[PDB]
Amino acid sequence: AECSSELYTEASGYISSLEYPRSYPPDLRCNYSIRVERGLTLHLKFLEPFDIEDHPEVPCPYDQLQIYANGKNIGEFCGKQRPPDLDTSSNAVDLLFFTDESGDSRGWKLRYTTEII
């Protein structure tokens, strides 16, 4: 399908993979950025279903969701168990979603909210 970068600057919102909760497209390199005002911190909560194609022995060899908080890597995620809720201590988050050439997985969706410092 697509995948231009997306930018979210409201105090809360939803972010999901393309066509959620139907299969996300292959060969994606998607960048989602959240930028809110200094003195707010971002909290991320994934919803169910969460389904990124995985592998029984290799960590995330096929498709990957990577999360950055002000440039620092705070996790790479795949599989069927959603990540735990993330308190990022940051006003700047980036999610990078990479997908390979095949598979039918339902993808991911999160809600972010902001905490007042």
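The numbering used is simple: start at 1 and walk along the sequence shown.
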Per the PDB record, is the mean Cα temperature factor higher over 25-33 or over 70-78?
70-78
Of 82-90 and 41-49, the one with larger mean CA B-factor
82-90
Check where residue 110 lands among this chain's C-alpha B-factors and tell me if it's the lowest, middle or highest third.
lowest
Could you say whether, by C-alpha temperature factor, residue 102 belongs to the lowest, middle or highest third of its chain?
highest
Please say which third, lowest, middle or highest, residue 65 falls into when its CA temperature factor is compared across its chain.
lowest
